[PDB]
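A.B. asks: In the first instance, please consider these chains from the complex; the rest will follow:
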Amino acid sequence: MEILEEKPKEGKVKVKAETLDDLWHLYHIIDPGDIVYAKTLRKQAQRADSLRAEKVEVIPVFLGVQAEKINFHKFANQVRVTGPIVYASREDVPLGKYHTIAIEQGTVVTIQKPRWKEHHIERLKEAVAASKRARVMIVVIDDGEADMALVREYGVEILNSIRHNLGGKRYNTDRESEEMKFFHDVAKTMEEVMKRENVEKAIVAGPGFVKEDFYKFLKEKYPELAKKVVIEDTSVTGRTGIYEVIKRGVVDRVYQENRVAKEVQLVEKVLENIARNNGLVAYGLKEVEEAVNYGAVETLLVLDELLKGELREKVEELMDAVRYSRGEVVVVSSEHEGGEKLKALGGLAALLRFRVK
C-alpha cells in the first residue's frame, strides 16, 4: 500500500488500499479491540407525522467504529467492520446508533488501546510504501529531453527529467560528439536503475527517427537486458508525454505476463528431465516438506491458487524457509502452459540441488 505513519505509537496512521492484496494485509492486521477511524458517511432516517410516511436523507464526514466482527467480502473488495459508534460530529446530535464501514483507499486510521505488537507493525510495513513493482520502468526519449519514470499504483514520479539541450536535426545536423556522449550517459543511467529495481524492460517511444535511433545505439553499445521499441503515441513530453505513453499501452501488463510465464515453463522442462534422475526430484506434500527442512531445494514452483487454498499456512512456510536458504520461489499464473501442469502435478514441485530421500 502507501503508508504514512503520523504518530510514533501508531495512534495515528494513515493507510490506503489500492490492490486486492492490500486489503488482505489490512484484514490480517485488524482484529477485535481496535477502533478505526476513517472517513465515510452515515445517514439518518427522519421524519414523519403523527404516524409513518415516506421520506429519507443522507449526510457526509468521518467517524470511528469499534471492532466487533471483521468480515471480508469478494466482488466489492471491501473489509467490513461493524458495531457501535463512539465518534461523530454533533451538530445535529446523531449519536446513539451503530454504523458499519469499509476500509478502502483514502485515509484509514488504526489504533489498538492495549497497544500493538511487533508482528502487527511489521505486517503493515511488509507491503512496501514506495512501490512493490510490476514494471513500472518506462522511458521517453524525444529531441528536447530524455525522461524515465517509475509509475507505481502507490505513486508516480519521472525519475530523470535531464535535457538533451540539443536538437534532433534543428540546430545544425546535430550528430555531435556531445550527442554520442549524451546517448552513452542515457544508456548508463537507465542500465543501473533497471538492474537495481529488478524489472527488465523499457519502452522507448518518441517522434520521427529518434526512438529507433536510440534502440540501434543500445544494441550496438552493449548487449541489452531486454529492450523493445513500440511506436505508441508521443507528440508531447514531460509528465503528460510519459502519462500518454502509459495509458493506451497495455504493453506494461502484457509484457509482465509473458516474463513470468517464461520462467515457469523454463523451470517446467527441467522438472521433467530431473524426474528421471534418482533423488533430485521432490514432489508430493511429504517429499517436498522433507527437502525444504533439510535445506536443499533450489527452486519452489507453486501455483498461486495453492497459496490461496484451504491450507495456506504450510505453503507460505515452505516458501519462507526456501527463500531464507537462498532458493528462488516462483509464484505464477495458472492460465500458463506451465501453470496448468502445476495444478496437475498436484500443487508443489521442487528442484533439488542434492538428494534428500
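C.D. replies: Arrived safely, thanks for sending. Numbering: from 1, shown residues only, chains lettered A, B, ... in the order given.
A.B. asks: For residue A:25, which non-adjacent residue is spatially closest?
C.D. replies: residue A:127 (5.3 Å; C-beta to C-beta, 6 or more residues apart in numbering). Quick note: C-beta positions are derived from backbone N, CA and C, even for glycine.
A.B. asks: Pretty sure that neighbour sits against residue A:22.
C.D. replies: Yes: contact criterion C-beta atoms under 8 Å: residue A:127 and residue A:22 qualify, at 6.3 Å.
A.B. asks: shared neighbours of the two, anything?
C.D. replies: residue A:1 (C-beta atoms under 8 Å, 6 or more residues apart in numbering).
A.B. asks: Contacts only, for the residue nearest to residue A:25.
C.D. replies: Residues near residue A:127 by C-beta under 8 Å, 6+ apart: A:1, A:3, A:21-22, A:25.
A.B. asks: now those residues: which count as buried?
C.D. replies: A:1, A:3, A:22, A:25 (16 or more other C-beta atoms under 10 Å).
A.B. asks: Sort out which of the residues you listed are in helices and list them.
C.D. replies: A:22, A:25 (DSSP state H).
A.B. asks: For residue A:286, give me the backbone phi and psi.
C.D. replies: phi -60, psi -50 (degrees, to the nearest 10).
A.B. asks: Count the neighbours of it for me.
C.D. replies: When counting by other C-beta atoms under 10 Å, one arrives at 8 neighbours for residue A:286.
A.B. asks: Quick one: the strands in the stretch 101-250 of chain A, in order.
C.D. replies: Shown for the stretch 101-250 of chain A, the strands assigned by DSSP state E, counting those that start in this stretch span residues A:101-103, A:109-111, A:138-141, A:146-152, A:155-160, A:203-204, A:228-229.
A.B. asks: helices or strands up against the third one?
C.D. replies: Using 3 or more C-beta pairs under 8 Å, 6 or more residues apart in numbering; DSSP states H and E as the contact criterion, the elements in contact with strand A:138-141 are strand A:146-152, strand A:203-204, helix A:210-221, helix A:238-247.
A.B. asks: Output that strand as PDB, nothing but the C-alphas.
C.D. replies: In PDB, the C-alpha atoms belonging to strand A:138-141 read as follows (Å, rounded to 0.1, in the frame of the first residue of the first chain):
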ATOM      1  CA  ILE A 138       9.100   3.400 -18.900                       C
ATOM      2  CA  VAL A 139      11.300   5.900 -20.900                       C
ATOM      3  CA  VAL A 140      10.500   8.500 -23.400                       C
ATOM      4  CA  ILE A 141      13.400   9.900 -25.400                       C
END
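A.B. asks: Chain B goes on too:
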Amino acid sequence: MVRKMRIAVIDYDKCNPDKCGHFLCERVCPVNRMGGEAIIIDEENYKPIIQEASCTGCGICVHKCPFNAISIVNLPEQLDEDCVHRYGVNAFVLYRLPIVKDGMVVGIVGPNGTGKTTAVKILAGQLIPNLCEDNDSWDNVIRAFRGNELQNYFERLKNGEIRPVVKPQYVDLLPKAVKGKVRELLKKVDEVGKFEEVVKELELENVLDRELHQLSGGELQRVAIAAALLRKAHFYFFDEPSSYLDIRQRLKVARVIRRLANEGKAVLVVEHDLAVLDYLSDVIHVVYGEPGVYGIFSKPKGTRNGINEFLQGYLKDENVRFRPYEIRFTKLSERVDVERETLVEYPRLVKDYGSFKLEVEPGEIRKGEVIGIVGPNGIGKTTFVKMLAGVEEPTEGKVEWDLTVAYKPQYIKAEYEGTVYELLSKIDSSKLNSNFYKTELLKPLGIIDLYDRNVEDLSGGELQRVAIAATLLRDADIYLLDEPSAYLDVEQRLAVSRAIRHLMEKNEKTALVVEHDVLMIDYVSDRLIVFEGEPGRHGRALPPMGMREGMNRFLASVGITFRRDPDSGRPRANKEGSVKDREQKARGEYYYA
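C.D. replies: Okay, chain B now, added to the rest:
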C-alpha cells in the same frame, strides 16, 4: 470450446505389484501424494485401480510402470456417449459397433485386439451391452442406436429368430474337439440343403478322405468355411479366413463368400489383405485405437474410400488421425536392382516321397536379396524349403551345404518351458540388446511387453510374432520362413515386411519367405520362385526370376490381373471380366508393381 473425460485402462495381465515395489502407482501418483484417491489398491484381488473421477491425466504413472500395464487417455467427451461395453473399471472398453446389413458383405480392417471379437459376442446374444453404464437389457441398446440400422438387429436378435454362425479367430480347434472325418462332419452339420454346391466350389472332394488332424492349413481353413455355411444361419461372421490359404485359394474363396450376397445372406468379414477385401466387401469399417485400451469402430464407408482413408491414417468423416505416418509400398523403380555376388547355386533336385513328386530346376541363390516363394499349397514349396532345412534329405541333388539354415515351420505349437525372454536369449543375447533389432523387430511386434509370460501362455498372433522374431535372431547364413503370414493383421503384416527387408539388406543375407499375401510380396520381393504343375500330384519349381517377371508369369495361371490404384497407391485387384482385366491379359503383362 473445451470438454474432456479421462479414461484409464490397465492391462492387468501385465501388472505385477510385487515386481515394481509396492504398487509403484499410488506411490508415484501426484494426486495420491497430496492425499487423493486417483489410484486405489484392491487389496484382495491384488490389483491397482484408477478412479478416473480423479486422475488428472498427468500420465506420470504411465511412464513409470516398469512394464506398460497402464494407459491414460484424455477424450473430448463425445465418443463417450456412444460407449458400448466396459469389462469393469480399469479394463477394456468398446465404443461403437460394426453395422451389419442384409444382403451385403460388411468389411472390417484394423489391427488385432481392438475388440473385433468383442463385437461378435455382443451380436451373438451371448453378451448384453452395458453401454458403459450397468445395463443388462436390450431396450437401452435399441434406443441408443435409434437413428441407425442396428436397432432392428437387436430386436430380431432378442426374439431369437436370427442366430449368427461364426468362423472363430483361431481354428485348429475342430481337429481337437471333433473327431472323425471331413466326409462325416459335413453330412452331420448339414441343414441348408446346399451340401453339393459348397463342397464342390470350395474343392474339398479329395479332401473328404482325410481326417481333420491330417489336414494341411489351406484345407482345414476351407473345411471350417464349409461347415459354417452348412449350419443354418442367415448371418455368417468370418474372423480371419486368410490364415494359411495360398494365393490361388484366397482368390477362389473370396468368389465363394461373394456369391452369398446374391443369395441375399448377410456376410460380415475380417480381412487383412486389401486385394481380397476390395473384392468381397460392399461396406467397410475402420477400427482405431491402441490395442487393449479401447477400440472404436468408425462410420460405414463405401469399400474403396474406406480403404483409402485407412492408408492415409486420417479420417475425414470422423476427423481422427490414428497412425502418424502413411501406409506405403515399393514399386521396382524405387530401388536399385543391381546384380550382386552368388552365395551358392543348386543343381537339379528331384524328391519323390511317393505321395507327392517335386522336380527343382537348376538355380542360383544370391546374397543380399529377399526371395519370395509363390504357388498353391501342396505344390512342394515346403518340400524344397525342408530339403535345405535338414529335416528332409534330397533323394537326388545337393542343397545341404555349409550354409546354416534358420527354419520357421508352417504350424505353430509351443513345447518350451519358460518365458519369451528365455527362448530368445539363449539364441543370441547379443542381438536382443543391440539398437537395430530393437528398432526393426522387437519393439514394433510387441515383444518387449511379452517377456513376462511363458511361451505356452502366449496366444496365436503374439506367439506367431515371437516365432518369426526367433527364426531371424538365429545365427544363420540363410533364413527359411514357411508361411509367416498366418494370423497376422494388416499393420503386423507390414511391420514384418519392413523388418525382413531392412535386416536382410543391411547384413547382406538371403532369406526365403514363402508368401501368398499380396502386400508383403509387393514390398519385400527382389526375386521370385513361381511354382507350377497340378497340386497334390506333381510340382515343378522353375528357377529364380525377377519380381515383376515372376508375378507376371504366375498371375496368368490364376486369370487375375493387378493394377496400381490411382487414389493413394496400393495393389488393385481387377475383377475377372473388366476393362483392365481384358487389357492386361491381351497384352501379356499381367501385373504392375
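A.B. asks: ok chain B is in now, so what about the neighbour count of residue A:286?
C.D. replies: Neighbours of residue A:286 under the rule other C-beta atoms under 10 Å in any protein chain shown: 11.
A.B. asks: Verify the stated contact: residue A:17 with residue A:104.
C.D. replies: Yes: between residue A:17 and residue A:104 a contact is recorded at 5.5 Å, counting by C-beta under 8 Å.
A.B. asks: Those two: who's more crowded?
C.D. replies: The neighbour count for residue A:17 versus residue A:104, taken as other C-beta under 10 Å, is higher for residue A:17 (23 against 19).
A.B. asks: domain ranges for the chain?
C.D. replies: Using chain A here. A:4-126, A:138-249, A:255-352 (automatic domain parsing).
A.B. asks: that's the wrong chain, I meant chain B
C.D. replies: If you go by automatic domain parsing, chain B breaks into B:5-77, B:81-312, B:342-545, B:559-593.
A.B. asks: Apart from its chain neighbours, what residue comes closest to residue 102?
C.D. replies: Reading this off chain A. residue A:78 (4.2 Å; C-beta to C-beta, 6 or more residues apart in numbering or on different chains).
A.B. asks: not what I meant, chain B
C.D. replies: Take residue B:102 and drop its neighbours on the chain: the residue closest to it by C-beta to C-beta, 6+ apart is residue B:266, 5.0 Å away.
A.B. asks: ok, the one you found - contacts?
C.D. replies: If you count contacts by C-beta atoms under 8 Å, 6 or more residues apart in numbering or on different chains, residue B:266 has them with B:100-104, B:106, B:234-236.
A.B. asks: cool, residue B:544 as well?
C.D. replies: Counting by C-beta under 8 Å, 6+ apart, residue B:544 has contacts B:363-365, B:371, B:527-529.
A.B. asks: May I see these organised as JSON lines, with secondary structure and neighbour count added?
C.D. replies: Converted to JSON lines, the contacts of residue B:544 look like this (DSSP: H, G, I helix; E, B strand; the rest coil; neighbours: other C-beta atoms under 10 Å in any protein chain shown):
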{"residue": "B:363", "secondary structure": "strand", "neighbour count": "20"}
{"residue": "B:364", "secondary structure": "strand", "neighbour count": "12"}
{"residue": "B:365", "secondary structure": "strand", "neighbour count": "20"}
{"residue": "B:371", "secondary structure": "strand", "neighbour count": "24"}
{"residue": "B:527", "secondary structure": "strand", "neighbour count": "18"}
{"residue": "B:528", "secondary structure": "strand", "neighbour count": "23"}
{"residue": "B:529", "secondary structure": "strand", "neighbour count": "23"}
